[PDB]
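Novice: Next up is a structure, given as structure tokens.
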Amino acid sequence: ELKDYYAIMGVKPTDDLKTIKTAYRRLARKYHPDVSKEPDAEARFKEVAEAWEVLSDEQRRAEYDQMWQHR
């Protein structure tokens, strides 16, 4: 099961950390629960942040991407 981080973080499924944080940063920015305007940013942000881990983690993005397109 792939958590569409890239999605979570409103990003691209085949982008790099520049997009991802652009995504998770704009996300985590719109998702940081102290300030976020989403149905569930505590979760969504954490989804980003966790996406963002993956996405910002050569391994988690790797594993993340592994389940996603890198099967």
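In the structure tokens, chains take the letters A, B, ... in the order shown, each chain's residues start at 1, and ligands count up from 1 in the order shown.
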Once DSSP has gone over the backbone, tell me which residues of chain A are in alpha helix (DSSP H), as a PyMOL selection string.

Specialist: chain A and resi 5-8+17-31+41-56+58-67

Novice: Could you turn the residues from that selection into a file that holds N, CA and C atoms, as a CSV table (one decimal), in the first residue's frame?

Specialist:
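The resulting file, out_38.csv, is shown below:
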```
chain,number,residue,atom,x,y,z
A,5,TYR,N,2.2,10.1,-0.7
A,5,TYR,CA,2.8,11.3,-0.1
A,5,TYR,C,2.7,12.4,-1.0
A,6,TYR,N,3.4,12.2,-2.1
A,6,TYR,CA,3.4,13.2,-3.1
A,6,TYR,C,2.1,13.8,-3.2
A,7,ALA,N,1.2,13.0,-3.0
A,7,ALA,CA,-0.2,13.5,-3.1
A,7,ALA,C,-0.5,14.2,-1.8
A,8,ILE,N,-0.2,13.5,-0.8
A,8,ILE,CA,-0.4,14.1,0.6
A,8,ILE,C,0.2,15.5,0.6
A,17,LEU,N,13.1,16.4,-4.1
A,17,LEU,CA,12.8,17.1,-2.8
A,17,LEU,C,12.4,18.5,-3.1
A,18,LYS,N,13.0,19.1,-4.1
A,18,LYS,CA,12.6,20.5,-4.4
A,18,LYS,C,11.1,20.6,-4.6
A,19,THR,N,10.5,19.7,-5.3
A,19,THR,CA,9.0,19.7,-5.5
A,19,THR,C,8.4,19.2,-4.2
A,20,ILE,N,8.9,18.1,-3.7
A,20,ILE,CA,8.3,17.5,-2.5
A,20,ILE,C,8.3,18.6,-1.4
A,21,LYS,N,9.3,19.2,-1.0
A,21,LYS,CA,9.2,20.2,0.1
A,21,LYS,C,8.4,21.3,-0.5
A,22,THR,N,8.6,21.7,-1.7
A,22,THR,CA,7.7,22.8,-2.2
A,22,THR,C,6.3,22.3,-1.8
A,23,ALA,N,6.0,21.0,-2.0
A,23,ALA,CA,4.7,20.4,-1.7
A,23,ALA,C,4.5,20.3,-0.2
A,24,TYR,N,5.4,19.7,0.5
A,24,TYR,CA,5.3,19.5,1.9
A,24,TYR,C,5.5,20.8,2.7
A,25,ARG,N,6.3,21.6,2.1
A,25,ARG,CA,6.5,22.9,2.8
A,25,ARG,C,5.3,23.8,2.6
A,26,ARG,N,4.8,23.8,1.4
A,26,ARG,CA,3.6,24.6,1.2
A,26,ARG,C,2.5,23.8,1.9
A,27,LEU,N,2.6,22.5,1.9
A,27,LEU,CA,1.7,21.6,2.6
A,27,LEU,C,1.9,21.8,4.1
A,28,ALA,N,2.9,21.3,4.6
A,28,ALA,CA,3.2,21.4,6.0
A,28,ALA,C,2.9,22.8,6.5
A,29,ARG,N,3.0,23.7,5.5
A,29,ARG,CA,2.7,25.1,5.9
A,29,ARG,C,1.2,25.3,5.9
A,30,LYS,N,0.5,24.6,5.0
A,30,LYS,CA,-1.0,24.7,5.0
A,30,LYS,C,-1.5,23.5,5.9
A,31,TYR,N,-0.5,22.7,6.3
A,31,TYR,CA,-0.9,21.5,7.1
A,31,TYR,C,-0.3,21.6,8.5
A,41,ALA,N,-5.2,18.3,8.8
A,41,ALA,CA,-3.8,18.6,8.6
A,41,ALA,C,-2.9,18.0,9.7
A,42,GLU,N,-3.4,17.8,10.8
A,42,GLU,CA,-2.6,17.2,11.9
A,42,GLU,C,-2.2,15.9,11.2
A,43,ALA,N,-3.1,15.2,10.7
A,43,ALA,CA,-2.8,13.9,10.0
A,43,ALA,C,-2.2,14.2,8.6
A,44,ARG,N,-2.9,15.1,7.8
A,44,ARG,CA,-2.4,15.4,6.5
A,44,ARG,C,-0.9,15.9,6.7
A,45,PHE,N,-0.7,16.9,7.5
A,45,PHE,CA,0.6,17.4,7.7
A,45,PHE,C,1.5,16.2,8.0
A,46,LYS,N,1.2,15.6,9.1
A,46,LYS,CA,2.0,14.4,9.4
A,46,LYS,C,2.1,13.5,8.1
A,47,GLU,N,1.0,13.5,7.4
A,47,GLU,CA,1.1,12.7,6.1
A,47,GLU,C,2.2,13.3,5.3
A,48,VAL,N,2.2,14.6,5.2
A,48,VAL,CA,3.2,15.3,4.4
A,48,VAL,C,4.5,15.1,5.1
A,49,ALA,N,4.6,15.5,6.3
A,49,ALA,CA,5.9,15.3,7.0
A,49,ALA,C,6.3,13.8,6.8
A,50,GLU,N,5.5,12.9,7.0
A,50,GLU,CA,5.9,11.5,6.7
A,50,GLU,C,6.2,11.3,5.3
A,51,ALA,N,5.4,11.9,4.4
A,51,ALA,CA,5.7,11.9,3.0
A,51,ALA,C,7.0,12.6,2.9
A,52,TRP,N,7.0,13.7,3.3
A,52,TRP,CA,8.1,14.5,3.3
A,52,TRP,C,9.3,13.7,3.9
A,53,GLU,N,9.1,12.8,4.8
A,53,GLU,CA,10.2,12.0,5.3
A,53,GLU,C,10.7,11.3,4.1
A,54,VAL,N,9.8,10.4,3.7
A,54,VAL,CA,10.1,9.6,2.4
A,54,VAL,C,10.6,10.5,1.3
A,55,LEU,N,9.8,11.4,1.0
A,55,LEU,CA,10.1,12.3,-0.1
A,55,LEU,C,11.4,13.0,0.3
A,56,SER,N,11.6,13.4,1.5
A,56,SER,CA,12.9,14.0,1.9
A,56,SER,C,13.9,13.0,2.4
A,58,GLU,N,16.1,9.8,1.2
A,58,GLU,CA,16.5,8.9,0.1
A,58,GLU,C,16.0,7.5,0.3
A,59,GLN,N,15.9,7.1,1.6
A,59,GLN,CA,15.4,5.7,1.9
A,59,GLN,C,13.8,5.8,1.9
A,60,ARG,N,13.2,6.5,2.8
A,60,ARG,CA,11.8,6.6,2.7
A,60,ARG,C,11.3,7.0,1.3
A,61,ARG,N,11.8,8.0,0.7
A,61,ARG,CA,11.3,8.2,-0.7
A,61,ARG,C,11.6,6.9,-1.5
A,62,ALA,N,12.7,6.4,-1.3
A,62,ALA,CA,13.1,5.1,-2.0
A,62,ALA,C,12.0,4.1,-1.7
A,63,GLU,N,11.9,3.8,-0.5
A,63,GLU,CA,10.8,2.8,-0.1
A,63,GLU,C,9.5,3.3,-0.5
A,64,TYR,N,9.3,4.6,-0.2
A,64,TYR,CA,8.0,5.2,-0.7
A,64,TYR,C,7.8,5.0,-2.2
A,65,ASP,N,8.8,5.4,-2.9
A,65,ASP,CA,8.7,5.2,-4.4
A,65,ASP,C,8.7,3.7,-4.7
A,66,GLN,N,9.4,2.9,-3.9
A,66,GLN,CA,9.4,1.5,-4.1
A,66,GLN,C,8.0,0.9,-4.2
A,67,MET,N,7.2,1.2,-3.3
A,67,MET,CA,5.8,0.7,-3.3
A,67,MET,C,5.0,1.5,-4.4
```

Novice: One decimal, Å: what's the distance from CA of residue 10 (chain A) over to CA of residue 57 (chain A), could you say?

Specialist: 16.9 Å

Novice: Enter the distance from CA of residue 14 (chain A) to CA of residue 70 (chain A), in Å, rounded to one decimal.

Specialist: 10.0 Å

Novice: In Å, with one decimal, what is the gap from CA of residue 2 (chain A) to CA of residue 38 (chain A)?

Specialist: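 Distance reported for this atom pair: 20.9 Å.
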